[PDB]
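Source file: coords-v4.csv. Holds: CSV, C-alpha atoms and all ligand atoms.
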```csv
chain,number,residue,atom,x,y,z
A,1,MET,CA,15.6,78.6,38.8
A,2,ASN,CA,13.1,75.8,38.3
A,3,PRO,CA,11.1,74.4,41.2
A,4,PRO,CA,11.3,70.7,42.1
A,5,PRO,CA,9.0,68.8,39.7
A,6,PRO,CA,5.7,67.3,41.0
A,7,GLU,CA,6.1,64.1,42.9
A,8,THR,CA,5.6,60.8,41.0
A,9,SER,CA,5.6,58.6,44.2
A,10,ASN,CA,4.5,59.2,47.7
A,11,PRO,CA,4.6,56.4,50.3
A,12,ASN,CA,2.0,58.2,52.4
A,13,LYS,CA,-0.5,58.1,49.6
A,14,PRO,CA,-2.4,54.8,48.9
A,15,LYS,CA,-2.0,53.3,45.5
A,16,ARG,CA,-4.6,51.6,43.3
A,17,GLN,CA,-4.9,50.0,39.9
A,18,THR,CA,-8.3,50.2,38.1
A,19,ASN,CA,-9.4,49.3,34.6
A,20,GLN,CA,-10.0,53.0,34.0
A,21,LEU,CA,-6.5,53.9,35.1
A,22,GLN,CA,-5.0,51.2,33.0
A,23,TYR,CA,-6.9,52.7,30.0
A,24,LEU,CA,-5.7,56.2,30.8
A,25,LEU,CA,-2.1,55.0,30.5
A,26,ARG,CA,-2.4,52.4,27.7
A,27,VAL,CA,-4.9,54.3,25.5
A,28,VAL,CA,-5.4,57.9,26.5
A,29,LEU,CA,-1.9,59.1,27.5
A,30,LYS,CA,0.0,57.0,25.0
A,31,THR,CA,-2.2,58.2,22.1
A,32,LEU,CA,-2.0,61.9,23.1
A,33,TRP,CA,1.8,61.4,23.5
A,34,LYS,CA,2.1,60.7,19.7
A,35,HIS,CA,0.2,63.8,18.7
A,36,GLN,CA,2.2,66.3,16.7
A,37,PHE,CA,1.5,69.0,19.3
A,38,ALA,CA,2.4,66.8,22.3
A,39,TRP,CA,6.1,67.8,22.7
A,40,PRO,CA,5.7,70.9,24.8
A,41,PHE,CA,3.7,68.9,27.3
A,42,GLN,CA,5.9,65.8,27.6
A,43,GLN,CA,8.0,67.1,30.5
A,44,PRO,CA,7.7,69.8,33.2
A,45,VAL,CA,8.2,73.3,31.9
A,46,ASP,CA,11.9,74.1,32.1
A,47,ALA,CA,11.6,77.8,32.8
A,48,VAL,CA,15.4,78.2,32.6
A,49,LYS,CA,15.9,76.4,29.3
A,50,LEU,CA,12.8,78.0,27.7
A,51,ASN,CA,13.7,81.5,29.0
A,52,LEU,CA,10.3,81.8,30.8
A,53,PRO,CA,11.5,83.3,34.1
A,54,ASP,CA,7.9,84.3,35.0
A,55,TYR,CA,6.3,80.9,34.5
A,56,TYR,CA,6.5,79.6,38.0
A,57,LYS,CA,5.8,83.1,39.4
A,58,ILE,CA,2.3,82.6,37.7
A,59,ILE,CA,1.7,78.8,37.7
A,60,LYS,CA,1.7,77.4,41.2
A,61,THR,CA,0.3,73.9,40.4
A,62,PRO,CA,2.4,72.7,37.5
A,63,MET,CA,1.5,69.5,35.7
A,64,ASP,CA,2.7,67.8,32.5
A,65,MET,CA,2.2,64.5,30.7
A,66,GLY,CA,5.6,63.2,31.7
A,67,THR,CA,4.6,63.5,35.3
A,68,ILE,CA,1.2,62.0,34.6
A,69,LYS,CA,2.8,59.1,32.8
A,70,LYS,CA,5.2,58.3,35.7
A,71,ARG,CA,2.3,58.6,38.2
A,72,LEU,CA,0.3,56.1,36.1
A,73,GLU,CA,3.3,53.8,35.8
A,74,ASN,CA,3.7,54.1,39.6
A,75,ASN,CA,0.0,53.3,40.4
A,76,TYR,CA,0.2,56.7,42.2
A,77,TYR,CA,-3.5,57.5,41.7
A,78,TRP,CA,-6.5,56.2,43.6
A,79,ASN,CA,-8.9,56.5,40.7
A,80,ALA,CA,-9.3,57.8,37.1
A,81,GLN,CA,-10.8,61.1,38.3
A,82,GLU,CA,-7.5,62.0,40.1
A,83,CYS,CA,-5.6,61.4,36.8
A,84,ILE,CA,-8.1,63.3,34.7
A,85,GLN,CA,-7.8,66.2,37.2
A,86,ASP,CA,-4.0,66.3,36.5
A,87,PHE,CA,-4.7,66.5,32.7
A,88,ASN,CA,-7.1,69.3,33.3
A,89,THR,CA,-4.6,71.2,35.5
A,90,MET,CA,-2.0,70.8,32.7
A,91,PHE,CA,-4.4,72.3,30.1
A,92,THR,CA,-5.7,75.1,32.4
A,93,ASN,CA,-2.1,76.1,33.3
A,94,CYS,CA,-1.3,76.6,29.6
A,95,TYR,CA,-4.5,78.7,29.2
A,96,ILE,CA,-3.7,80.7,32.3
A,97,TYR,CA,0.0,81.5,31.4
A,98,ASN,CA,-0.8,82.3,27.8
A,99,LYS,CA,-3.4,84.2,25.8
A,100,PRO,CA,-6.1,83.0,23.4
A,101,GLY,CA,-4.7,82.3,19.9
A,102,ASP,CA,-1.1,81.8,21.0
A,103,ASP,CA,0.6,78.9,19.2
A,104,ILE,CA,1.1,77.0,22.5
A,105,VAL,CA,-2.6,77.5,23.3
A,106,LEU,CA,-3.7,76.2,19.9
A,107,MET,CA,-1.6,73.1,20.7
A,108,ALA,CA,-3.1,72.6,24.1
A,109,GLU,CA,-6.6,73.1,22.7
A,110,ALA,CA,-6.1,70.4,20.1
A,111,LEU,CA,-4.8,68.0,22.7
A,112,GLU,CA,-7.7,68.9,25.1
A,113,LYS,CA,-10.3,68.1,22.4
A,114,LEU,CA,-8.6,64.7,21.7
A,115,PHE,CA,-8.3,64.1,25.4
A,116,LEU,CA,-12.1,64.7,25.9
A,117,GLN,CA,-12.9,62.4,23.0
A,118,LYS,CA,-10.8,59.6,24.5
A,119,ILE,CA,-12.2,59.9,28.0
A,120,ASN,CA,-15.8,60.2,26.9
A,121,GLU,CA,-16.1,56.5,27.2
A,122,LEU,CA,-14.0,54.6,29.8
A,123,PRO,CA,-13.9,50.9,30.4
A,124,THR,CA,-16.0,49.4,33.2
A,201,LIG,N1,4.6,80.7,26.3
A,201,LIG,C1,4.8,79.3,26.5
A,201,LIG,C2,5.9,78.6,25.8
A,201,LIG,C3,6.1,77.3,26.0
A,201,LIG,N2,7.2,76.7,25.3
A,201,LIG,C4,8.1,77.4,24.5
A,201,LIG,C5,9.0,76.6,23.9
A,201,LIG,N3,8.7,75.3,24.3
A,201,LIG,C6,7.6,75.3,25.1
A,201,LIG,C7,5.3,76.6,26.9
A,201,LIG,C8,5.4,75.2,27.1
A,201,LIG,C9,4.6,74.6,28.0
A,201,LIG,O1,4.7,73.2,28.2
A,201,LIG,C10,3.5,75.3,28.6
A,201,LIG,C11,3.4,76.6,28.4
A,201,LIG,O2,2.4,77.3,29.0
A,201,LIG,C12,4.3,77.3,27.5
A,201,LIG,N4,4.1,78.6,27.3
```
Would you write the structure of this file as structure tokens?
Amino acid sequence: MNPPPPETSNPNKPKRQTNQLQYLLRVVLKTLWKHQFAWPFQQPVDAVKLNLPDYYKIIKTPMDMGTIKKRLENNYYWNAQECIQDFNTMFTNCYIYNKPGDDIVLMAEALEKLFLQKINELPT
């Protein structure tokens, strides 16, 4: 049984649009999305479909690029740092659930390096 996915809207949370958050959607997320190793990370982990019944017994703060994308489209974040923290949660979850050298880990590590290159310089 999968948990509910992370929220992509919250009326109690203030919204904001910044140049940096626009960039994280238009440039960073949409470039990572096209990477050959992006597909495992484009939606929440379906533990039922993927036959990973222990996934959410281990990962208690799930995050994925589909959720991040919807948050960016919703102007859900206050600032770029909040969105960057969601990317880092996504990568860290993969490294927690899996072991060094696993195929999925190699995929996450390549995306993380590309992510860090793209956010090295943000607009002002
Ligand atoms: N051991 C695995 C297998 C995955 N997977 C398997 C088939 N498709 C994705 C997987 C997918 C993710 O988004 C994150 C993970 O931490 C995963 N870990």
Quiz item: Taking only C-alpha atoms into account, which of A:44, A:3, A:101, A:123 comes nearest residue 65 in chain A?
Solution: A:44
Exercise. Please write as a list in words the list of polymer residues whose atoms come within 12 Å of (-3.8, 57.4, 23.4), counting only C-alpha atoms and keeping to the coordinates of the file.
Key: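 Those residues, ordered by chain and then number, are residues 22, 23, 24, 25, 26, 27, 28, 29, 30, 31, 32, 33, 34, 35, 38, 65, 69, 111, 114, 115, 116, 117, 118 and 119 of chain A.
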Exercise. Please indicate the distance in Å from CA of residue 79 in chain A to CA of residue 17 in chain A, rounded to one decimal place.
Key: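 For CA of residue 79 in chain A relative to CA of residue 17 in chain A, the distance reads 7.7 Å.
Omitting residue 88 in chain A and its sequence neighbours fewer than 6 positions away, and counting only C-alpha atoms, the residues within 12 Å are residues 61, 62, 63, 64, 65, 68, 81, 82, 94, 95, 96, 108, 109, 111, 112, 113, 115, 116 and 119 of chain A.
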Quiz item: Pick from A:21, A:70, A:4, A:9: nearest to residue 45 in chain A, with all atoms listed in the file counted?
Solution: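 Ranking A:21, A:70, A:4, A:9 by distance to residue 45 in chain A, first place goes to A:4.
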Quiz item: Can you tell me how far CA of residue 1 in chain A sits from CA of residue 98 in chain A, in Å to one decimal?
Solution: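 A separation of 20.1 Å between them.
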Practice problem: Give as a ChimeraX atom specification the residues surrounding ligand LIG 201 (chain A) up to a distance of 12 Å, considering all atoms listed in the file. | Solution: /A:37-56,58-59,62-66,89-109
Self-check item: Given all atoms listed in the file as the counted atoms, nearest of A:110, A:87, A:122, A:76 to residue 11 in chain A
Solution: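 Result for the nearest residue to residue 11 in chain A: A:76.
CA of residue 67 in chain A is positioned 9.1 Å from CA of residue 86 in chain A.
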Self-check item: Residue contacts of residue 10 in chain A (12 Å, only C-alpha atoms) excluding same-chain residues fewer than 5 positions away, as a count of residues only
Solution: 6
Quiz prompt | Proximity to residue 73 in chain A - best of A:16, A:36, A:124, A:6, only C-alpha atoms | solution =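 Nearest to residue 73 in chain A: A:16.
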Exercise. Go through A:85, A:80, A:72, A:121 one by one, measure the shortest atom-to-atom distance of each to residue 19 in chain A using all atoms listed in the file, and give the residue with the smallest value.
Key: A:80
